[PDB]
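The chain below stands alone, shown as structure tokens; this is the form deposited in one PDB entry.
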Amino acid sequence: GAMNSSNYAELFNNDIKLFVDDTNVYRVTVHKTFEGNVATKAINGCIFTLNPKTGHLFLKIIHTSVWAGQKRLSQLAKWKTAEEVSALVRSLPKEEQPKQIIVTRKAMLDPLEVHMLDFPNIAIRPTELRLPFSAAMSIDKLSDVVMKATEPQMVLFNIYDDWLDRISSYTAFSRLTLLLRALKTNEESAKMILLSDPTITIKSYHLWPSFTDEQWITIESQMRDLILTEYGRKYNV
């Protein structure tokens, strides 16, 4: 059934599962035409498919060519997402295939269910959580590989970097969601916080700076502060 605050800890047990977020699959800029009409221009996107236990980010780049000559693109994007997730599962060895896939938007349920008919024992689940994975394109290295792609392409990252050498997957997921919540609510401020200090480096194969434990606590505190302030501004509370 649905994934929510109450069965939150199921994410960190030893049943393989994946989150799929489709919010950045079909991306457009809206512009005016010479005649004064409005038109869209697609830019490259990505499926965000994440194992919350390992930090494995299967990032499938969606090149604008996939939309060429197609209609009802927002609807097609959900099916393309489901097709690519199904293909990913088929490519994985049996013992690495998920037992559950949790979609961040309910409209992905029927397309994935239909594409996964060959895997009746993989549960497809929605969630009541307001997960911030749309902000994944605020991570510079991910944005950079998506925009530079000239063809369809799958790129791998550990979205937890090396954090799991020192912390649990529960704590790692909480840090990631805090970072992404911050980048979603105020990207500029969030980014200022992460890179303010020229002396803190980001490893070649990492997405985030190499903070010590104490520096992560300061960072996390500063990200919390950001999120609450913006919320006071939002609602005048």
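The first residue of the sequence shown is number 1, and the count goes up from there.
The discussion below concerns the form solved in complex with a small molecule, not included here.
The small molecule is not shown here, and in the deposited complex it never comes within 4.5 Å of any heavy atom of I122. Taking non-hydrogen atoms only, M108 never approaches the small molecule to within 4.5 angstroms in the deposited complex. By the criterion of a heavy atom within 4.5 Å, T127 is counted among the residues contacting the small molecule in the deposited complex. Interface membership of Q100, defined by any non-hydrogen atom within 4.5 Å of the small molecule in the deposited complex, is confirmed.
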